[PDB]
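Colleague: this block holds the first chain(s) of the complex, placed as they are in the complex; more will follow:
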Amino acid sequence: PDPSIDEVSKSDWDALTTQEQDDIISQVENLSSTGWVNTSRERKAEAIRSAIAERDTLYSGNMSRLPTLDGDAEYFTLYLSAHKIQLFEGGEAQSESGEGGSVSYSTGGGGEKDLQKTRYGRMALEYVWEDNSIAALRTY
Amino acid sequence: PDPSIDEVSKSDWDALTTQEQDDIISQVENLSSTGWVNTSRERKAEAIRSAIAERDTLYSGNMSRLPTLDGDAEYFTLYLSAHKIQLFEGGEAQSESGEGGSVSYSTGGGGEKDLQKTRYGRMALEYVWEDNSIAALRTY
Amino acid sequence: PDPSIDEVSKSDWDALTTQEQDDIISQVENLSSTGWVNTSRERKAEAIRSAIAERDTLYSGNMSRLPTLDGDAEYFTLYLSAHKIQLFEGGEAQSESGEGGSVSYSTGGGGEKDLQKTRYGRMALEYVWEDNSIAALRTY
Amino acid sequence: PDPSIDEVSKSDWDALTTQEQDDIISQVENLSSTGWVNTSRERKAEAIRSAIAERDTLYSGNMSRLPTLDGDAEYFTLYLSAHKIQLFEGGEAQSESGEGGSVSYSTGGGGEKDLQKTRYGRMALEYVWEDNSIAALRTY
Amino acid sequence: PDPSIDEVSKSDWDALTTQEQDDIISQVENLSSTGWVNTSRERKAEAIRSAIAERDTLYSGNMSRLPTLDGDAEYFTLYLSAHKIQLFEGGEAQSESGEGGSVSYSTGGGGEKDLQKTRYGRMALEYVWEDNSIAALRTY
């Protein structure tokens, strides 16, 4: 996308054209084989707006003068967006059974916290020091 | 929405036009793929009013002069609203089985407390220091 | 409701008109998708009267000069009322199975005590310091 | 492939011809017997682009003057790409059942973190000191 | 094979004739009773190339002046190749069920790490000091 997801603030997302937003939505949909095609545009837009807001408020600033967003800000925001869409879908699937066909996934026991609860959030955590408190300051 | 959910107090919510409330209700419905379409408007309105009141009474003020609502206040209130609607619906579904079709979700073991019990509450906890006691004061 | 549930003592509840009570009952019914429609009016009234009494006797007074009901008193009394109605209905449903259709909810391991045993009680606990003993006094 | 995946940064990937990218995609598809043939090209491209960005941002630099990427950089980026494609596919399969036929794989209990959650990520961890903190510095 | 797998670097593998590569592939296929016959040549070639690269980058050098590859280098590389083909096949099978017939294997609880996860990797570990840190150095 021309305006990249990391170049866009919450205010900027609201100002983008429908096509500029749709390009970012299209990129987020590349992170799932299903594309979350049965979830409507508004829900995907809400997830991306929420991920942008959450990057800028919870994953901004510094620890010991290191940036708290250590990884690529583009892919962090995309993984955070994908995490949100998957939570809007009801969570991460452990088992799916249909017309005889069944699959179980190795997703269990990931931990209790928000980002630990889906595969996209586990990927987002690596960009952000795994939520560790590396901050330090001095008196002068 | 024009009056954003974070601009609105409990008193202000009661004063909004029906359309102003419906815009906020519509925004909350974006946080689930189902939109909770089988819950009536009054239940969604009650959840939002409750989330507004609970933000202003339980998730306000300061700890060590840092604001207790550290994250984006709009998305915090929307997630708190979504948490409430999902609890009014009976809680978070772990397994669903229908006409042959079955799904199980990675959801269990999250913890004993209110906000830990659904995915929206787990998201809301990240905005509010994860309910940690970071407050400090001095004598002078 | 015009007389709000937090403005009403046990004596006041008994003095209210039938319509004033019905307005409060209607507000409690907004806290479940089912509205507990198969539970009679007398049972909903008994639960609300009991929540009012229990607020004023068990969840009143101060700890270290802080009010023990720290959260919004209206929503606290409504959640306490809803907790009671759900207990009159046999408790929180973990699994429901019907004509082929089955659902299981994330509810287990909540804890041993009264308010921990349903979703509404877990919400109510956040308003009352989570039943913690923060009280302190001095000699003079 | 002529431009090898380890020679290509995020900017370079975007600059490659379609055939140059398709050669690298073809190499990644060799790491699964299924080739992930039901995933579209855009999803495989997104995974590879993301693996490149993540190598350059999270798995780069030095610890005690040793390179953090100790293993072969080509195979590291390919395994990281394969890890991402398998997460876009819904995660690692533990059990698969079809028309009578069933298989269960040894996968579970691998750990909570991102790279531990699929076989390709477990391979990628060996190339990068298994995420251990071997860094040391002196004052002069 | 005339050029043995231990005599071949990653650069050398790419330079071999198709027949020379096929002889090494043929040898790796002897390590499974199935020979991985439903996995294509390119995938077996990718596994062998990856095993060669990984031997030379991760399983080379010395610990206390002892070689880190203590066992036979040919068989270590063949087992590492077999480990990779089995991971490309989806992992180690614990249970298989078909038309009536079922088998379960003793494979579980082997550990969290890459080489622990299949029988070939467990064999390969014995050649490389079981991934133990026996290295020692002096100052002079």
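Modeller: Structure's in. What do you need? Numbering: from 1, shown residues only, chains lettered A, B, ... in the order given.

Colleague: list the contacts of stretch A:19-32.
Modeller: Residues from elsewhere that reach stretch A:19-32 (C-beta atoms under 8 Å, 6 or more residues apart in numbering or on different chains): A:1-3, A:5, A:8, A:13, A:16, A:35-36, A:41, A:44-45, A:47-48, A:78-79, A:81-82, A:85-86, A:120, D:42-43, D:45-46, D:88. To be clear about C-beta, it is placed using only N, CA and C from the backbone, and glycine gets the same treatment.

Colleague: now, which of those lie close to chain B?
Modeller: residue A:45 (C-beta under 8 Å from any C-beta of the partner chain).

Colleague: the contacts of stretch A:19-32 in helices, which ones?
Modeller: A:13, A:41, A:44-45, A:47-48, A:78-79, A:81-82, A:85-86, A:120, D:42-43, D:45-46, D:88 (DSSP state H).

Colleague: from chain A, which residue is nearest to chain E?
Modeller: residue A:106 (9.4 Å; C-beta to the nearest C-beta).

Colleague: quick one: that residue from chain B, how far?
Modeller: Between residue A:106 and chain B the distance, using C-beta to the nearest C-beta, to the nearest Å, works out to 11 Å.

Colleague: sequence for chain F below, add it please:
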Amino acid sequence: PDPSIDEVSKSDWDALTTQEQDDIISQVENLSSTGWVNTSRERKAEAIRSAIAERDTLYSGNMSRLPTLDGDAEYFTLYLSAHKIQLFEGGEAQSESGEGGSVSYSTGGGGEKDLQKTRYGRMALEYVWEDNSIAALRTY
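Modeller: Same chains as before, plus chain F:
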């Protein structure tokens, strides 16, 4: 067999006649009631060659001037060969079910390491001090 399996180095195995190798293969096949008859000659030959190499590289030398191969070298190499053929067959069978008939065996998951994983490897361990570190040296 005339050249015994303990008299033969990896180089010697390659030099043997087809009949001399077949005599040793026939001896190994006596260690299973099934004789692994559905595995081809090349796989059995590869297993014996690998066992010979692994004896000479991993189970040669001394600990406190005691030989590290304490038991009979012929039977050690035969059990090591049998261990390999069983791993090439997919592992040790815990349960087998067919046309109504079922058997379960006391395999019990004896440990995580290579030789612990099948009955033949458990026998082989007894010949090599159970992989214990009995070595000692002096300075002079």
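
Colleague: please reconsider the contacts of stretch A:19-32 now that chain F is part of the model.
Modeller: With C-beta under 8 Å, 6+ apart as the criterion, stretch A:19-32 contacts A:1-3, A:5, A:8, A:13, A:16, A:35-36, A:41, A:44-45, A:47-48, A:78-79, A:81-82, A:85-86, A:120, D:42-43, D:45-46, D:88.

Colleague: now it: how far from the chain's centre is it?
Modeller: Centroid separation for stretch A:19-32 versus its chain: 13 Å, with C-alpha atoms, centre = their mean, to the nearest Å.

Colleague: tell me the contacts of the spatially most central residue of chain A?
Modeller: With distances taken as C-alpha atoms, centre = their mean, residue A:80 lies nearest the centre of chain A, 0.8 Å away. Counting by C-beta under 8 Å, 6+ apart, residue A:80 makes contact with A:51, A:54-55, A:120-121, A:124.

Colleague: what's the closest of the residues you listed to chain D?
Modeller: Using C-beta to the nearest C-beta, those come closest to chain D at residue A:120, 7.6 Å.

Colleague: now for that closest one, how many residues are close by?
Modeller: 26 (other C-beta atoms under 10 Å in any protein chain shown).

Colleague: for chain A, which segments count as strands?
Modeller: Ranges of strands in chain A, per DSSP state E, are A:62-63, A:66-67, A:93-97, A:102-105.

Colleague: so can I have JSON lines of the ones you listed showing distance to residue D:110 and mean neighbour count?
Modeller: Formatted as JSON lines, the strands of chain A follow (distance: least, C-beta to C-beta, whole Å; neighbours: other C-beta atoms under 10 Å in any protein chain shown):
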{"stretch": "strand A:62-63", "distance to residue D:110": "29", "mean neighbour count": "12"}
{"stretch": "strand A:66-67", "distance to residue D:110": "29", "mean neighbour count": "13"}
{"stretch": "strand A:93-97", "distance to residue D:110": "15", "mean neighbour count": "18"}
{"stretch": "strand A:102-105", "distance to residue D:110": "12", "mean neighbour count": "19"}
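
Colleague: then chain G, please:
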Amino acid sequence: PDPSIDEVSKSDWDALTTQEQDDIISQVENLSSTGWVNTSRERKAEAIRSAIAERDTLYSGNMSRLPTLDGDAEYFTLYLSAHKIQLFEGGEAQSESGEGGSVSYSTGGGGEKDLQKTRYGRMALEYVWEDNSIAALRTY
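Modeller: Placing chain G onto the earlier chains gives this:
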């Protein structure tokens, strides 16, 4: 049998007449109610030869001047032979099911090591101090 199994070295076994070996084989076959009748002569002969070799190499010599084979040497070698034949049969059965008929044996959880894995090996352990280290020496 005239040459008793305790009178026979590995070299002696190879020199015995077919009838002398068959007498010892017949004695070993008395230790199971099934006689292992579906195993061939060569497999029983291999097991006996291996038990003889293993007695003489692993269960010979002294600890604190006490013989390490404390029990009756004939029955020890027979039980060691029976242990080996049962391992060639695939191991000790825990459960057997046929045409409706099922039996489960109290054999489970026996231990990790070779001789602990079948009933014959558990009997053999009692003859060899249960594999304990009772050896002691002095300086003079």
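
Colleague: with chain G now part of the structure, what is the answer for the contacts of residue A:80?
Modeller: A:51, A:54-55, A:120-121, A:124.

Colleague: please repeat the previous calculation with a cut-off of 10 Å.
Modeller: A:5, A:28, A:47-48, A:50-52, A:54-55, A:58-59, A:115, A:120-121, A:123-124, A:127-128 (C-beta atoms under 10 Å, 6 or more residues apart in numbering or on different chains).

Colleague: now the buried members of these.
Modeller: When the contacts of residue A:80 are checked for burial by 16 or more other C-beta atoms under 10 Å in any protein chain shown, the buried set is A:5, A:28, A:47-48, A:50-52, A:54-55, A:58-59, A:115, A:120-121, A:123-124, A:127-128.

Colleague: now, those that are in helices?
Modeller: The helices, defined by DSSP H, take in A:28, A:47-48, A:50-52, A:54-55, A:58, A:120-121, A:123-124 from the buried ones among the contacts of residue A:80.

Colleague: which one is residue A:102 nearest to, not counting chain neighbours?
Modeller: residue D:97 (4.1 Å; C-beta to C-beta, 6 or more residues apart in numbering or on different chains).

Colleague: thought the one you found was touching residue E:97?
Modeller: Yes - at 8.3 Å, residue D:97 counts as touching residue E:97 under the criterion of C-beta atoms under 10 Å.
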